[PDB]
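Trainee: Let me begin by handing over the structure; questions about it come next.
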Amino acid sequence: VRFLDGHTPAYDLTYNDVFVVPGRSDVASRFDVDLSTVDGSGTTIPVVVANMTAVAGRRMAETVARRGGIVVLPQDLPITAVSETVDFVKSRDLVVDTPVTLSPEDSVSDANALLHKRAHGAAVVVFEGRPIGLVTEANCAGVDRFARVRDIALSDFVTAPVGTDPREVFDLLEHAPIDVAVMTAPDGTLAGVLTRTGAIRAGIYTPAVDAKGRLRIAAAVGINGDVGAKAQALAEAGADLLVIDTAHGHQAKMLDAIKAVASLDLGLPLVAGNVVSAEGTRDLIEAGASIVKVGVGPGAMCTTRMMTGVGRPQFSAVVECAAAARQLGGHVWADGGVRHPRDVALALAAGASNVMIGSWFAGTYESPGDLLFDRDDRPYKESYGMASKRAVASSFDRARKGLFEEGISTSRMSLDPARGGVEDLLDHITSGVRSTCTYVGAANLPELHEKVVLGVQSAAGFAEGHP
Amino acid sequence: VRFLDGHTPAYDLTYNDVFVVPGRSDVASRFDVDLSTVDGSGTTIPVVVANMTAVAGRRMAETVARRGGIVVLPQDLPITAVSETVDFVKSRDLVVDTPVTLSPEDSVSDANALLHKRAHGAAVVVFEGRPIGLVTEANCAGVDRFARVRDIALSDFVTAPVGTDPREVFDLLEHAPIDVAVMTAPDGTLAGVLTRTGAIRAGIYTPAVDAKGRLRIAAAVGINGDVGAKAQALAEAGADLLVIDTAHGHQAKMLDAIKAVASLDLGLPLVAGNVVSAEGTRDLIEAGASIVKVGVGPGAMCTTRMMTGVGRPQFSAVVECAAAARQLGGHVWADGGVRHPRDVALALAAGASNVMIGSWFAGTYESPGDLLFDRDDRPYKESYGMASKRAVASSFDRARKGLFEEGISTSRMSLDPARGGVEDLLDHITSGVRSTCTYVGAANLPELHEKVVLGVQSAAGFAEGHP
Amino acid sequence: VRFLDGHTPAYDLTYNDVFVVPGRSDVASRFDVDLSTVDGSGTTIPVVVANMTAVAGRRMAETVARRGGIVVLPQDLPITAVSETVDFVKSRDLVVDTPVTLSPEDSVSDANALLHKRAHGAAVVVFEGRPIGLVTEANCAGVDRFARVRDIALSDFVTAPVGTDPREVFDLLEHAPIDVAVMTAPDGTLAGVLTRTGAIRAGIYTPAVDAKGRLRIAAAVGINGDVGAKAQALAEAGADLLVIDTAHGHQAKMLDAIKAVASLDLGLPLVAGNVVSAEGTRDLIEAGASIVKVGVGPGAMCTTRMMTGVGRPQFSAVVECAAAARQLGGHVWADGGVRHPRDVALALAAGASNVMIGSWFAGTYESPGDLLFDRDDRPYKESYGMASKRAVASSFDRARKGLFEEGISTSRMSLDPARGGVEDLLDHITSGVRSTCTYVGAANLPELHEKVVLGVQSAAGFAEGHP
Ligand SMILES: Nc1nc2c(ncn2[C@@H]2O[C@H](COP(=O)(O)O)[C@@H](O)[C@H]2O)c(=O)[nH]1
Ligand SMILES: Nc1nc2c(ncn2[C@@H]2O[C@H](COP(=O)(O)O)[C@@H](O)[C@H]2O)c(=O)[nH]1
Ligand SMILES: Nc1nc2c(ncn2[C@@H]2O[C@H](COP(=O)(O)O)[C@@H](O)[C@H]2O)c(=O)[nH]1
Ligand SMILES: Nc1nc2c(ncn2[C@@H]2O[C@H](COP(=O)(O)O)[C@@H](O)[C@H]2O)c(=O)[nH]1
Ligand SMILES: Nc1nc2c(ncn2[C@@H]2O[C@H](COP(=O)(O)O)[C@@H](O)[C@H]2O)c(=O)[nH]1
Ligand SMILES: Nc1nc2c(ncn2[C@@H]2O[C@H](COP(=O)(O)O)[C@@H](O)[C@H]2O)c(=O)[nH]1
């Protein structure tokens, strides 16, 4: 990638150590740039939710797929749950979000705990398939925790049929006391709930769909055990994309797994990682992988940097691997070390065909975890590492292996008190990437890579601007 | 610009990463150097107040214009208010500051809130155009908040006619209980209020005036909409200098706006920004701009560095753009990243024809904002970013554009408990620049640029000295 | 008064040391008892606002007079202000409260400070005598403190003509976003503002009015100086009731003042105090006083107990003086030591024809003081003692008298965060007195005195019940 004159630092650079120099721009507005990825994963935004059990669930899968990004299901997961999640996601409206359906016999405690499963802020009490009420934080508060939800003073909702343009439902919700509105099927059954900002987003983002027009989804497999059988069963389960993940993506087991999956000829794009070296990417590409995950160590839950000293600063690894893959025709997914939208913008600028968010999305409403509360009542969630799920594998043998195994690290990802949903994190990331495109003057991601110029900055250079 | 031998860092440098090496000096004192700018903006000190609605007002405009610096009025402002502000500023005494005029029927609360509008520390109660009393924090305290100001125990004031030299009013205020003194017109009407330190400053600073001897003022326009009509109407409104500001100053819209304004042949100097590249400055100069604003990202209210990764360390961008502009004959205004007078001194040293302060001046008495108080009772003010006012542009369209728009960032700029007025910040900045001139040994700003030698310093190098 | 068998304590009892034993009751509800006073002061509730400059103002006067209680104007007040206040009060609607009238040219700071003058929670912006807008804490917040009130985003109000029954305006305000409603004169000019709870209270309370149907008001004079001339001028000023107040109501100066006022034959009822002895009440009654204030020392602002050791527990003094006055046909006002409605109920039970609240009402919205805020942002107000205004009287003489004079004590009366208005304190007091009537079984205040039975309780007896 192009660098400023005289910029040959004697160290690998991270995201905080680099910056983008704006160039001559012809892109008028942020909406004039398209974020469609070229990697073949079919994501209209360069965002992938990581294959972490704390960040990858059915709700996040459907939400991000509707917003145009693919979601990788966590590895080492019972294929029954995988099939259930895939069937759930593929049966979702391309525009309307699936609400928190509440049976009239549910308790107040269950309703209150479920209200935070989604970012809508309200839950639908539905009887016999017909929506009969709405609950929120207001009517639920004060009443007894174990009273039935049929006696929670159900509020009135704005009902509209499925197929009305986002304009009409938007103006319908201009003065609505409750932001959400129930999209009902023509027969009268509830089909979903659409929000004011959801109506806004329905036009900006184009949902990522497969050849059959269903929300794309992905799943991950390890290398321990029969990789071929697991990958084949995953492909038959309906997963659009297969991701083979391990702590070290340059070992012979990784190459054998990629070779087996490629020989299976499943037709789905191939994703392997992680390698932070050009030779590792070359080996993975020659092994039969179309997409290469890059980054071992920058992950916010990754510990190997402190325990082993291995790793690489994310930006330099991403740019070198992207150069290698583009030399061999392959494509690159940056993984780990993403905490600000500048990280996404720089990862795409370095040459990566896509970026993968990880534990940042764990601090969202839709992450498959428990929304706990701290002492100061600030919302947050616990993010865990994959640990043995990303590692190559009687009571004695189990405990002996577990003694030397890296512990499951835990972190507290705080929720935004106002913009807590993953919708708003995606909005921030996409706005940052669009602004980067406008500053560079690129109409698309390949043009972003081609026309970006990057400079090096010191520690004090990062202090410039408002945090 | 000249650098120390062996100093070729592989990264763009910010203000904290550079230092000035003193050379052989013939300038005896700080008062022996003149800070007159060469850019044609006619500012006798190298200080410009930014085109921010939280830092650019009529009071700051008149104060800084009297002290020798130009003020850029915020963009996207009703031309009626622009004309009112320009007429107010052009009708100000070149020596005497306009006080807080208080009608006798004003309440105690209004008087107390108005007392902090200016740095004088006292407000003038004037009846029928004749000054009849003075109020301050002492007599106002304790009395009922809604009692009339005619019953606030008005104090006695030192009255002097307009035209007395600062020497005489200075010695008149040597033992005065109230620091301020009322300069009255020959007919007896109140013309202004002059302070002890104001008398001191009346000789050190030479006010910036136009060809008609009136306090210079500037105004800003965006690129969205008809730039030519807005610029022409601004020129007819009486603005001395036109500033065309946008988030990205290298886009085609910027060039078209500069071309239109230059074709208008208004005669005022042309200011465009922001570009942090030599090619951007070349394009702006060829587009018909005499002065180029440089710096996108270092701004204390700017967020694009964290959201998009775009930007550049301020010092390297300023020096490169200054070199380019001086190659093409243009002149440079550094913008953003100014928090200490060393930043101003380094910006002028890098080659910029002027520096623009920004949110630092928002924490002053004269900034067009509300002087709020924190829990610890330390005075402070809220500084906001321009956001869409610096960005290129039905309810649906409005909300859709606002969803992706960067939020209006807010910061708390604390007031100096003693030297809170913008007069004292200007004193600090000018003292720092004069000391830099003496250390370099330069009699003027062009000599500052010519004879300055700059070295590179590490993180621990910045720790040297008293903070 | 009747006491329980065997209750002959060897100490004077205060309110905390006594309790009422309920008897056989025929009063069904609290609304079945009338609180009309027999003293001739014409107050329909047994509440009098004290002659304290921190608790007695025009707003409190009109409010309490509309609610059925008389207000004594503070002594040592310029008769011009007395006449202005009396004319203001006598020109008030018997049902509608006078709102915070706001001229369109007032500032935001003035509007915000004025909003807390009344308990309505909203202020009326009126132009040319016609109401044009409403302001509250919501629209006022966030906007600049010195912006004009014509640009404070005036809200819509419910307008009704004067004369509509409280039922109609009550149902009109059932779903109103703003609790208050503007009662307008038939010509369209604004006549007042009536609230939802104000509509509720318009039927429960019967306003205290004179023979001409105007809100009754009272004023106070001291004993120093010509008492006769001051009392006569006060009577001509329109004051319905005259109160002669001093620290010691048994001195010869008190008797001479009462004799002079009685010889004036002004026709208004006579109020003198304070005496806590039967002989003092006898002397005051024989001096030509119809009503006797009792209580010197129990006052929450009174200091003489700690400085001099003089005083008396309020309950025993009140009962003894009431017995003496009823023996001579006079009537009694308890003064001081009122902090809970039980104090009012016990004062009326002891035999006092009325009770006088004092500094408790100083912590209200309508008290003539400044609503200050503490560090924890809890609303409160400063209550001051009368000091020399209740004491018998060159720079040397002034300072010599002031050296030995008791200092003006200050106390912090906290505002109720929800029920801060004096309307709600009056509601609490009246509810307590009505409940006491029901528990005793009395249909009126004379029956309360006749049929009440009081017992003595120890320190631990006061701990019973919820505080
Ligand atoms: N009643 C009800 N429970 C729900 C709904 N959505 C999620 N849940 C709860 O959440 C569980 C799954 O959590 P998830 O893996 O989706 O975060 C379900 O088994 C169920 O207990 C809903 O719409 N209604
Ligand atoms: N070595 C290691 N890497 C992990 C673990 N958990 C997650 N990761 C890596 O870190 C990524 C997420 O980090 P993030 O992008 O949130 O900073 C995952 O996609 C995966 O590549 C773990 O327990 N160990
Ligand atoms: N009465 C009075 N108000 C003033 C004076 N200077 C500023 N103000 C207030 O401040 C407002 C403008 O604030 P600025 O934009 O000057 O910071 C005016 O509309 C007025 O309310 C003055 O001398 N007298
Ligand atoms: N991108 C961006 N730049 C801003 C915004 N507000 C101010 N700026 C820039 O930052 C400068 C002030 O920053 P300062 O000099 O106070 O650090 C302004 O003159 C302008 O160039 C904003 O909202 N967004
Ligand atoms: N503009 C305005 N000021 C009021 C109003 N009511 C009270 N005030 C203010 O309050 C002062 C008197 O306070 P008070 O003695 O009534 O508590 C008045 O002189 C005036 O400053 C009102 O309706 N409008
Ligand atoms: N001795 C004395 N009594 C006072 C003073 N201020 C108020 N009082 C008395 O205390 C009463 C109010 O007390 P409260 O009823 O609020 O406890 C007044 O009506 C008056 O009788 C003062 O400064 N000194």
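Going from the start of the chain as shown, residues are counted 1 onward.
The backbone N, Cα and C atoms fix where each Cβ goes, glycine too.
Below are the features listed in Swiss-Prot for this protein:
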type: ACT_SITE; residues: C:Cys302; note: active site, thioimidate intermediate
type: BINDING; residues: C:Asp245, C:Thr246, C:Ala247, C:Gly295, C:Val296, C:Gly297; note: NADP(+) binding site
type: DOMAIN; residues: C:95-152; note: domain 'CBS 1'
type: DOMAIN; residues: C:153-211; note: domain 'CBS 2'
Trainee: Near ligand 6, which of the recorded positions show up if the criterion is a Cβ under 6 Å from one of its atoms? Options: C:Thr246, C:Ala247, C:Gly297, C:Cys302.
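Mentor: Result: C:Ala247, C:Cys302.
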Trainee: List which of the binding-site residues C:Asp245, C:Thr246, C:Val296 have their Cα within 10 Å of the Cα of the residue listed as 'active site, thioimidate intermediate', in sequence order.
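Mentor: Final answer, ordered: C:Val296.
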Trainee: Using DSSP, what's the helix, strand and coil tally for the domain 'CBS 2' (C:153-211)?
Mentor: 16 helix, 17 strand, 26 coil
Trainee: For NADP(+), with binders C:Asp245, C:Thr246, C:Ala247, C:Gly295, C:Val296, C:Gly297, what's the maximum Cα separation in whole Å?
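Mentor: Output for NADP(+) binders C:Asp245, C:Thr246, C:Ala247, C:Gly295, C:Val296, C:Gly297: max Cα distance 14 Å.
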Trainee: Can you see whether DSSP assigns C:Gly295 (NADP(+) binding site) to helix, strand or coil?
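Mentor: The residue in question, C:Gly295 (NADP(+) binding site), is coil (DSSP, three-state).
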Trainee: Cβ within 8 Å of the NADP(+) site's Cβ centroid: which residues qualify beyond C:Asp245, C:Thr246, C:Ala247, C:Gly295, C:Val296, C:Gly297?
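Mentor: These residues sit around the NADP(+) site: C:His248, C:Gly249, C:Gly273, C:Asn274, C:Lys293, C:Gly299, C:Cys302, C:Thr304, C:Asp335, C:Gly336, C:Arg390.
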Trainee: Counting across all protein chains present, how many other Cβ atoms fall within 10 Å of the Cβ of C:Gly297 (NADP(+) binding site)?
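Mentor: 22, counting other Cβ atoms within 10 Å of C:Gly297 (NADP(+) binding site).
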Trainee: Tell me which of the binding-site residues C:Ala247, C:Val296 sits in the most Cβ-dense spot, judged by other Cβ atoms within 10 Å.
Mentor: C:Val296
Trainee: Can you count the other CB atoms that lie within 10 A of the CB of C:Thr246 (NADP(+) binding site)?
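Mentor: For C:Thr246 (NADP(+) binding site), the 10 Å Cβ neighbour count is 25.
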Trainee: Same chain only, sequence gap of 6 or more: which residues have a CB within under 8 Å of the CB of C:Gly295 (NADP(+) binding site)?
Mentor: C:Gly273, C:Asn274, C:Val276, C:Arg312, C:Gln314, C:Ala317, C:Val318, C:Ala334, C:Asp335, C:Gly336, C:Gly337
Trainee: Taking DSSP as the reference, which of helix, strand or coil describes C:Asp245 (NADP(+) binding site)?
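Mentor: In three-state terms, C:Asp245 (NADP(+) binding site) counts as strand.
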Trainee: At a 10 Å cut-off from the C-beta of C:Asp245 (NADP(+) binding site), count the other C-beta atoms across all protein chains.
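Mentor: If we count other Cβ atoms within 10 Å of C:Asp245 (NADP(+) binding site), we arrive at 25.
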Trainee: Using DSSP, break the domain 'CBS 1' (C:95-152) down into helix, strand and coil residues and give each count.
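Mentor: Going through the domain 'CBS 1' (C:95-152) residue by residue, I get 15 helix, 16 strand, 27 coil.
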Trainee: Note down the number of other Cβ atoms within 10 Å of the Cβ of C:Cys302 (active site, thioimidate intermediate), including every protein chain shown.
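Mentor: For C:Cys302 (active site, thioimidate intermediate), the 10 Å Cβ neighbour count is 25.
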